[PDB]
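Next comes just one chain, in structure tokens: the form solved without this ligand.
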């Protein structure tokens, strides 16, 4: 797929795509049925330019949303805020799990000790 809008984001490591407990049985299935649609990797930036944890993990995930939506559209498709909501919740914790490396690689910089 050709995102285009990724010229300085990079691709994470792939990982085990976590399930979620939405608390409600129709949403449990909604994700785990549609799960094949959802991205197996996340997109990110050097946390060297960031400061807040939150703001990075935000942009990380939300770029990983618009990567996936906009490289699905351009041919008579769109997402819905549901499939987005499900992806956000999963791609967040995935984005943390990849981030925790980028984060240590960052703190290793700073002056090394």
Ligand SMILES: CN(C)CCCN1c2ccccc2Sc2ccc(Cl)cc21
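Positions refer to the first chain, counted from 1.
Only in words, not in the display: the form deposited with this ligand bound, which the text now covers.
In summary, the binding site of this form is blocked: after superposition of the surrounding C-alphas, this ligand from its pose in the entry with it bound has 3 or more atoms within 2.4 Å of backbone or C-beta atoms. Against this ligand in the entry with it bound, the set 23, 86 and 89 makes no contact: no member has a heavy atom within 4.5 Å.
A residue is said to contact a partner when one of its heavy atoms sits within 4.5 Å of a partner heavy atom; residue 66 meets this definition for this ligand in the entry with it bound.
With contact defined as any non-hydrogen atom lying within 4.5 angstroms of this ligand in the entry with it bound, the stretch 76 to 100 contains no contacting residue.
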